[PDB]
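Undergrad: Below is final09.cif; it holds mmCIF, C-alpha atoms and all ligand atoms.
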data_target
loop_
_atom_site.label_atom_id
_atom_site.label_comp_id
_atom_site.auth_asym_id
_atom_site.auth_seq_id
_atom_site.Cartn_x
_atom_site.Cartn_y
_atom_site.Cartn_z
CA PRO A 1 96.13 108.05 88.84
CA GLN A 2 94.52 108.79 92.19
CA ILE A 3 92.49 105.95 93.54
CA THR A 4 89.94 106.50 96.27
CA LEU A 5 89.17 103.79 98.67
CA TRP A 6 85.39 103.88 98.70
CA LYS A 7 85.55 100.60 96.85
CA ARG A 8 88.14 97.87 96.44
CA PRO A 9 91.18 99.20 94.42
CA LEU A 10 91.02 96.84 91.53
CA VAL A 11 93.13 97.16 88.45
CA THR A 12 93.85 95.20 85.30
CA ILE A 13 97.17 93.45 85.10
CA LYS A 14 98.98 91.50 82.42
CA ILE A 15 101.02 88.53 83.57
CA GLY A 16 102.17 85.47 81.69
CA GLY A 17 100.38 86.79 78.61
CA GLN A 18 97.04 86.83 80.40
CA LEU A 19 94.84 89.70 81.54
CA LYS A 20 93.61 89.50 85.14
CA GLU A 21 92.00 91.79 87.67
CA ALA A 22 93.99 92.38 90.86
CA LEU A 23 93.71 94.24 94.13
CA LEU A 24 96.29 96.91 95.05
CA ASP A 25 97.12 95.84 98.60
CA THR A 26 99.45 97.91 100.75
CA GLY A 27 99.07 95.40 103.58
CA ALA A 28 100.57 92.60 101.46
CA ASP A 29 104.35 92.14 101.45
CA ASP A 30 104.05 89.86 98.45
CA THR A 31 102.20 89.60 95.13
CA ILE A 32 99.90 86.57 94.99
CA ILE A 33 98.08 85.34 91.89
CA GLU A 34 95.49 82.57 91.45
CA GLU A 35 96.63 79.32 89.90
CA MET A 36 98.29 79.83 86.53
CA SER A 37 101.40 78.62 84.75
CA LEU A 38 104.51 80.79 84.69
CA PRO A 39 107.87 79.99 83.05
CA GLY A 40 111.08 79.18 84.87
CA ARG A 41 112.01 77.76 88.19
CA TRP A 42 109.98 77.92 91.36
CA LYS A 43 110.16 76.92 94.99
CA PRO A 44 107.47 76.30 97.57
CA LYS A 45 106.51 78.86 100.18
CA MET A 46 103.85 79.27 102.89
CA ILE A 47 102.13 82.60 103.35
CA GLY A 48 99.58 83.47 105.95
CA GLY A 49 97.10 85.99 107.09
CA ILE A 50 93.64 86.06 108.44
CA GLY A 51 92.34 82.58 108.48
CA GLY A 52 95.75 80.87 108.40
CA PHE A 53 98.28 79.85 105.79
CA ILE A 54 98.30 78.68 102.18
CA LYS A 55 101.05 76.96 100.21
CA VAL A 56 102.22 78.75 97.10
CA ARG A 57 104.82 78.52 94.35
CA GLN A 58 107.41 81.28 94.31
CA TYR A 59 108.56 82.46 90.88
CA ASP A 60 111.34 85.05 90.70
CA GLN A 61 111.98 87.72 88.04
CA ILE A 62 108.46 87.81 86.58
CA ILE A 63 107.38 90.83 84.57
CA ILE A 64 103.84 92.18 85.25
CA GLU A 65 102.12 95.18 83.63
CA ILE A 66 100.01 96.87 86.32
CA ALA A 67 97.47 99.35 85.05
CA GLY A 68 99.87 100.16 82.23
CA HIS A 69 103.08 100.23 84.19
CA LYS A 70 105.72 97.48 83.87
CA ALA A 71 107.51 96.04 86.85
CA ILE A 72 109.56 92.96 87.61
CA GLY A 73 109.67 90.92 90.76
CA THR A 74 108.69 87.80 92.63
CA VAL A 75 105.21 86.46 92.11
CA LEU A 76 103.55 83.83 94.28
CA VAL A 77 100.98 81.54 92.71
CA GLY A 78 98.41 79.57 94.64
CA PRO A 79 94.88 79.33 95.99
CA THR A 80 94.37 82.96 96.98
CA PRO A 81 90.74 84.16 97.03
CA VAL A 82 91.70 87.34 95.07
CA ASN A 83 94.72 88.32 92.94
CA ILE A 84 96.89 90.64 95.06
CA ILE A 85 99.53 93.16 94.00
CA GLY A 86 101.67 93.63 97.08
CA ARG A 87 104.35 96.03 98.13
CA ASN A 88 107.17 94.30 96.26
CA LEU A 89 105.59 95.49 92.99
CA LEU A 90 103.71 98.58 94.22
CA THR A 91 107.02 100.16 94.98
CA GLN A 92 108.17 99.67 91.41
CA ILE A 93 105.27 101.57 89.96
CA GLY A 94 105.76 104.42 92.42
CA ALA A 95 102.61 103.82 94.43
CA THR A 96 102.11 105.85 97.61
CA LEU A 97 99.43 106.25 100.24
CA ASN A 98 98.51 109.89 100.73
CA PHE A 99 96.44 111.59 103.41
CA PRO B 1 101.64 112.51 104.61
CA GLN B 2 102.93 110.57 101.61
CA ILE B 3 103.81 107.03 102.58
CA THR B 4 106.01 104.91 100.33
CA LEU B 5 105.80 101.14 100.46
CA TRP B 6 109.41 100.00 100.71
CA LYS B 7 108.64 99.00 104.31
CA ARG B 8 105.29 97.99 105.86
CA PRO B 9 103.01 101.08 106.26
CA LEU B 10 102.85 100.92 110.04
CA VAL B 11 101.37 103.79 111.97
CA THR B 12 100.43 104.50 115.56
CA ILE B 13 96.75 104.37 116.44
CA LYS B 14 94.99 105.31 119.67
CA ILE B 15 91.93 103.40 120.82
CA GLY B 16 90.54 103.46 124.39
CA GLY B 17 93.34 105.82 125.42
CA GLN B 18 95.97 103.25 124.43
CA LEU B 19 98.57 103.44 121.73
CA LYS B 20 98.94 100.51 119.35
CA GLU B 21 100.72 99.84 116.02
CA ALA B 22 98.59 99.10 112.96
CA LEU B 23 99.06 98.48 109.25
CA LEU B 24 97.42 100.68 106.64
CA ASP B 25 95.81 98.07 104.37
CA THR B 26 94.10 98.97 101.11
CA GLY B 27 93.38 95.25 100.62
CA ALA B 28 91.15 95.20 103.72
CA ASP B 29 87.48 96.08 103.52
CA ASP B 30 87.35 96.49 107.26
CA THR B 31 89.49 97.36 110.27
CA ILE B 32 90.45 94.57 112.61
CA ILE B 33 92.39 94.67 115.81
CA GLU B 34 93.71 92.14 118.22
CA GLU B 35 91.78 91.15 121.31
CA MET B 36 91.02 94.12 123.51
CA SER B 37 88.20 95.57 125.49
CA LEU B 38 85.77 97.89 123.59
CA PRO B 39 82.61 99.50 124.92
CA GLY B 40 79.13 98.61 123.91
CA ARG B 41 77.38 95.79 122.19
CA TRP B 42 78.89 93.75 119.40
CA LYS B 43 77.45 91.83 116.46
CA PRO B 44 78.82 88.81 114.66
CA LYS B 45 80.68 89.03 111.38
CA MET B 46 82.46 86.62 109.11
CA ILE B 47 85.53 87.76 107.25
CA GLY B 48 87.58 86.12 104.48
CA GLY B 49 91.34 86.36 104.40
CA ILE B 50 94.23 84.68 102.64
CA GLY B 51 93.86 81.40 104.45
CA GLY B 52 90.11 81.10 105.02
CA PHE B 53 87.19 82.59 106.91
CA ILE B 54 87.00 83.57 110.54
CA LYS B 55 84.38 84.83 112.96
CA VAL B 56 84.96 88.16 114.59
CA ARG B 57 83.25 90.67 116.85
CA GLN B 58 81.94 93.84 115.24
CA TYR B 59 81.84 97.01 117.36
CA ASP B 60 80.23 100.10 115.74
CA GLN B 61 80.88 103.79 116.25
CA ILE B 62 84.24 103.38 117.99
CA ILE B 63 86.51 106.38 118.39
CA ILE B 64 89.98 105.81 117.02
CA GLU B 65 92.87 108.08 116.10
CA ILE B 66 95.03 106.97 113.18
CA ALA B 67 98.39 108.65 112.63
CA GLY B 68 96.88 111.64 114.44
CA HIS B 69 93.70 111.72 112.33
CA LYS B 70 90.38 111.29 114.05
CA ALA B 71 87.95 108.62 112.96
CA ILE B 72 84.75 107.13 114.40
CA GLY B 73 83.57 103.89 112.88
CA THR B 74 83.36 100.12 112.87
CA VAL B 75 86.14 98.06 114.42
CA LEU B 76 86.36 94.32 114.32
CA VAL B 77 88.10 92.35 117.06
CA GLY B 78 89.45 88.88 116.34
CA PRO B 79 92.51 86.76 115.56
CA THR B 80 94.62 88.77 113.19
CA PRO B 81 98.34 88.56 112.55
CA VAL B 82 98.60 92.40 112.96
CA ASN B 83 96.23 95.31 113.67
CA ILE B 84 94.82 96.37 110.31
CA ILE B 85 93.31 99.68 109.29
CA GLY B 86 91.03 98.95 106.35
CA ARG B 87 89.17 101.01 103.85
CA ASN B 88 86.26 101.91 106.10
CA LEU B 89 88.60 104.09 108.20
CA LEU B 90 91.12 104.94 105.51
CA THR B 91 88.30 106.76 103.70
CA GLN B 92 87.52 108.70 106.88
CA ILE B 93 91.07 109.98 107.19
CA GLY B 94 91.06 110.91 103.46
CA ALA B 95 93.59 108.39 102.24
CA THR B 96 94.16 107.72 98.56
CA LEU B 97 96.47 105.54 96.55
CA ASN B 98 98.54 107.38 94.01
CA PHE B 99 100.78 106.31 91.16
CA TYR C 259 81.66 87.96 103.10
CA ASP C 260 83.92 90.97 103.57
CA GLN C 261 87.53 90.37 102.73
CA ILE C 262 90.65 91.32 104.72
CA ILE C 263 93.98 90.70 103.00
CL CL A 301 84.22 96.92 96.17
CL CL A 302 110.36 91.12 94.43
CL CL A 303 110.25 105.99 96.03
CL CL A 304 108.84 103.06 102.86
CL CL A 305 71.88 89.53 120.96
CL CL A 306 82.88 102.43 109.54
NA NA A 307 112.21 83.09 87.39
#
Written as structure tokens, how would this file's structure read?
TA:
Amino acid sequence: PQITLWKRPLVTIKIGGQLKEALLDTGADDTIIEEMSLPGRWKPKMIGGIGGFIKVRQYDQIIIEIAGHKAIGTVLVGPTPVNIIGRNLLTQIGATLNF
Amino acid sequence: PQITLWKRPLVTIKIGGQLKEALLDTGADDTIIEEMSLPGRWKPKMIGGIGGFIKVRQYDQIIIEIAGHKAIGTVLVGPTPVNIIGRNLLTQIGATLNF
Amino acid sequence: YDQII
């Protein structure tokens, strides 16, 4: 699809068996999801931005369906104010910025 | 242009005759730049990011060039990890997300 | 409040 940016670019995702709404965020290096359980190993990480840093759990090789398209990659889980799909997964669905 | 997301979507901007680097950020409602001098009056604004809320200075009707495209709109000045072009100016330069 | 991420 072609998404305008008049409003926040929110899409439905499926992750860990659950449906969530997430923001397509070209500024984000990483994909960050609100607290949930995911299978497999994890390691701690700190990520930061406006307002400082938060501690997250880093899960590798997680499959996420993003607006109907499947991708695999690292997902960070922690106290983010909004679910974020970052560049590590936007690349896999072929997302581009066009102007 | 068509911008892929394998690297950060960094572009050159021009504001007050000066060139700066900034990130095209679909996850940002607003545009925020690092401390610099802008003309005119400012108003207070609170913004939420990954690690919490911050106070910034809001300057309206500021001329800015983004990747060679002319825009005139609201620019926030405050403590940001990088200069961020958000949706308020991405819409002015006609940017869309496509997959 | 507006959000910047
Ligand atoms: Cl919105
Ligand atoms: Cl990844
Ligand atoms: Cl590609
Ligand atoms: Cl790229
Ligand atoms: Cl006043
Ligand atoms: Cl504006
Ligand atoms: Na894993």
Undergrad: Excluding region 67-77 of chain B and its own-chain neighbours fewer than 5 positions away, which residues fall within 7 Å of it when counting all atoms listed in the file? Please give them as a ChimeraX atom specification.
TA: /B:11-13,31-35,56-62,89,92-93
Undergrad: Quick one: axis-aligned box around all listed atoms of region 55-73 of chain B, 4 Å on every side, centre and edge lengths in Å to one decimal, written as AutoDock Vina command-line options.
TA:
--center_x 89.3 --center_y 98.3 --center_z 115.4 --size_x 26.2 --size_y 34.9 --size_z 14.1
Undergrad: Taking every C-alpha atom in sequence order, what RMSD separates chain A from chain B after the best least-squares fit?
TA: 0.6 Å
Undergrad: For the atom pair CA of residue 1 (chain A) and CA of residue 6 (chain B), what is the interatomic distance in Å to one decimal place?
TA: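 Computed distance, CA of residue 1 (chain A) to CA of residue 6 (chain B), equals 19.5 Å.
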Undergrad: State, in Å with one decimal place, the distance from atom CL of ligand CL 304 (chain A) to CA of residue 28 (chain A).
TA: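 Atom-to-atom, atom CL of ligand CL 304 (chain A) to CA of residue 28 (chain A), that is 13.4 Å.
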Undergrad: Counting all atoms listed in the file, which protein, DNA or RNA residues come within 10 Å of ligand CL 305 (chain A), given as a list in words?
TA: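 Going residue by residue within 10 Å of ligand CL 305 (chain A), we get residues 41, 42, 43 and 44 of chain B.
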Undergrad: With only C-alpha atoms considered, list every residue of chain B at most 8 Å from chain C, as a PyMOL selection string.
TA: chain B and resi 25+27-30+46-50+86
Undergrad: With all atoms listed in the file counted, collect every polymer residue having an atom within 7 Å of ligand CL 304 (chain A); state the result as a PyMOL selection string.
TA: chain B and resi 3-8
Undergrad: Return the single residue from A:23, A:85, A:10, A:15 that is closest to ligand CL 302 (chain A), with distances computed using all atoms listed in the file.
TA: A:85
Undergrad: Which distance in Å separates CA of residue 40 (chain B) and atom CL of ligand CL 301 (chain A), to one decimal?
TA: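 CA of residue 40 (chain B) sits 28.3 Å away from atom CL of ligand CL 301 (chain A).
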Undergrad: In terms of the shortest atom-to-atom distance over all atoms listed in the file, which of B:64, B:36, B:2, B:55 is closest to chain A?
TA: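 For chain A, the nearest of the candidates is B:2.
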Undergrad: From the set A:16, A:39, A:51, A:81, which residue has the shortest atom-to-atom contact distance to ligand NA 307 (chain A), counting all atoms listed in the file?
TA: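 When distances to ligand NA 307 (chain A) are compared using all atoms listed in the file, the smallest one comes from A:39.
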Undergrad: From the set A:18, A:9, A:26, A:37, which residue has the shortest atom-to-atom contact distance to ligand NA 307 (chain A), counting all atoms listed in the file?
TA: A:37
Undergrad: Name the closest residue to chain A among the candidates B:97, B:38, B:22, B:63; distances are taken between atoms, counting only C-alpha atoms.
TA: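 Looking only at the distances to chain A, the closest residue turns out to be B:97.
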